[PDB]
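Working notes, beginning with the structure itself.
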Amino acid sequence: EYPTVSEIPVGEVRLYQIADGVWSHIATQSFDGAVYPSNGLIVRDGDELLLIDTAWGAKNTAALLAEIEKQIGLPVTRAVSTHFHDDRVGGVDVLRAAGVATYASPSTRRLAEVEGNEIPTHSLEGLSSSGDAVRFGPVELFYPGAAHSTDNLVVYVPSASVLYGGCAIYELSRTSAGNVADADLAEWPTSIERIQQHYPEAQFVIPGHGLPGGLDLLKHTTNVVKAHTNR
Ligand SMILES: CC(C)n1ccnc1C(=O)O
Ligand SMILES: [Zn+2]
Ligand SMILES: [Zn+2]
Ligand SMILES: [Zn+2]
């Protein structure tokens, strides 16, 4: 079964095999006296690995690399951060020190710099307009439009029909909006609809935080965001 906070002490990282050659990584972080789980993705690319997002912080990300080497034993050669917040770029310095080539859109790199966060080395072209998609090794990167943040990307694994939504997609247990300080509430439902239109065949949907589900998570997120809009 999918791990929860009570199964993961902060500092430790779990891997969960979603499908052949596709894992999520799960870590925990404390924020304001509460503990949050956070998901990222690992995708096999031949005899290498592609990492999607850090494990939210330097210590967690170092533990992530150690757990990957222990359990999978293939090199993480590239990493993609799906937006500029700390749970996604926090640990980029650890990845870079370990020899991982780090990537983000130029929109993400700029916003991370303004926030004083860690900055991925490389810039991903072809993702500047809503609906843009590019292949990056074994995944497709998709910019659906502004949602949780103006730069948020989602990631699809075509071989496994796995959609990783990052923080633009909420788990079913989340009934109210999370951090929306940098969100475009007005555009978020339209952006989610672009995801649905582009990946209608998705079989596994991974939210940024919490339990995987199916495409139901998209309309659930839209409902939560619209209700917050009308608060
Ligand atoms: C739920 C809040 C506090 N959060 C923490 C990290 N990421 C988020 C988010 O909403 O995306
Ligand atoms: Zn965020
Ligand atoms: Zn987040
Ligand atoms: Zn719901």
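Numbers for residues simply follow the sequence, beginning at 1.
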Determine, step by step, whether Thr108 and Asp151 satisfy the side-chain hydrogen bond (donor to acceptor under 3.5 Å, both in side chains) criterion, reporting the C-alpha distance in whole Å, the side-chain angles of both residues, the deciding distance to 0.1 Å, and the verdict.
CA-CA 6 Å; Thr108 292; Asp151 61 321; 2.7 Å; yes
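- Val89 is listed as a side-chain neighbour of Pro120, based on a closest heavy-atom distance under 4.5 Å.
- When hydrophobic residues (I, L, V, M, F, W, Y) are linked wherever their side-chain heavy atoms come within less than 4.5 Å, the members clustered with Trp56 are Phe31, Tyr36.
- When the salt bridge (charged side-chain N to carboxylate O under 4.0 Å, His left out) test is applied to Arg44, the partners found at least two apart in sequence or on another chain are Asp47.
- Residue pairs that meet the ring-ring contact (aromatic ring centres under 6.0 Å, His included) test with at least one member in residues 159-187, sequence neighbours left out, are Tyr170-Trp188.
- A distance-only check finds no donor-acceptor pair linking the side chain of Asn39 to the backbone of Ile26 [under 3.5 Å].
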Using the side-chain contact (heavy atoms from CB on, under 4.5 Å) rule, take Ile18 and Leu41 through it: C-alpha gap first, then chi angles, then the decisive distance, then the call.
CA-CA 10 Å; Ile18 305 163; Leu41 211 67; 3.8 Å; yes
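- Applying the side-chain hydrogen bond (donor to acceptor under 3.5 Å, both in side chains) criterion to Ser38, with sequence neighbours excluded, gives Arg88.
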Return a table of donor-acceptor pairs under 3.5 angstrom between the side chains of residues 201-217 and protein atoms on other chains or two or more places apart.
unit_1	atom_1	unit_2	atom_2	d
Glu201	OE2	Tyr156	OH	3.4
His209	ND1	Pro37	O	2.9
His209	NE2	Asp87	OD2	3.2

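- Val100 shares a hydrophobic cluster with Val13, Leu15, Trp23, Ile42, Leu49, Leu51, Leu64, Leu65, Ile68, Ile72, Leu74, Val76, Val94, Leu95; the chain of contacts runs through ILVMFWY side chains whose heavy atoms sit under 4.5 Å apart.
- Using a 4.5 Å heavy-atom cutoff, the side chains of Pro189 and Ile192 are not in contact.
- Identified under the ring-ring contact (aromatic ring centres under 6.0 Å, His included) test for residues 105-128, with sequence neighbours left out: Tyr103-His122.
- When atom types are taken as modelled, the side chain of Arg135 and the backbone of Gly137 share a donor-acceptor pair closer than 3.5 angstrom.
- No hydrogens or angles considered: nothing links the side chains of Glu193 and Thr190 as a donor-acceptor pair under 3.5 Å.
- A distance-only check finds no donor-acceptor pair linking the side chain of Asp45 to the backbone of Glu48 [under 3.5 Å].
- Distance alone, capped at 3.5 Å, places no donor-acceptor pair between the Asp184 side chain and the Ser149 backbone.
- Distance alone, capped at 3.5 Å, places no donor-acceptor pair between the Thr82 side chain and the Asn152 backbone.
- At least one donor-acceptor pair under 3.5 Å links the side chain of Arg96 to the backbone N or O of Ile119.
- Between atom OG of residue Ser81 and atom CG of residue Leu124 there is a gap of 9.5 Å, rounded to the nearest 0.5 Å.
- Atom CD of residue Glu125 and atom CG of residue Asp132 lie 11.0 Å apart, to the nearest 0.5 angstrom.
- Here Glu171 pairs with nothing under the side-chain hydrogen bond (donor to acceptor under 3.5 Å, both in side chains) rule; sequence neighbours left out.
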Worked check of side-chain contact (heavy atoms from CB on, under 4.5 Å) between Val80 and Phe136
CA-CA 9 Å; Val80 174; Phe136 193 81; 3.7 Å; yes
Passes side-chain contact (heavy atoms from CB on, under 4.5 Å), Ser30 versus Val10? Steps please.
CA-CA 8 Å; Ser30 301; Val10 185; 4.2 Å; yes
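- Taking the ring pair (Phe, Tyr, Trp, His ring centres under 6.0 Å) definition, one finds that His148 meets it with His83, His85, sequence neighbours left out.
- Among residues at least two apart or in separate chains, there is no salt bridge (charged side-chain N to carboxylate O under 4.0 Å, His left out) pair with a member in residues 107-120.
- Of the possible donor and acceptor atoms, one in the side chain of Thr54 sits under 3.5 Å from a partner among the backbone N and O of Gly90.
- Residues passing the side chain to side chain contact (heavy atoms under 4.5 Å, CB included) test with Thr175: none are found, sequence neighbours excluded.
- Residues satisfying the side-chain hydrogen bond (donor to acceptor under 3.5 Å, both in side chains) test with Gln196, not counting sequence neighbours, are none.
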Quick one: do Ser130 and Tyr143 satisfy side-chain contact (heavy atoms from CB on, under 4.5 Å)? Show the steps, please.
CA-CA 6 Å; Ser130 306; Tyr143 175 49; 4.0 Å; yes
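- Remark: side-chain polar atoms of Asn117 are not paired, donor with acceptor, to backbone N or O of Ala112 under 3.5 angstrom.
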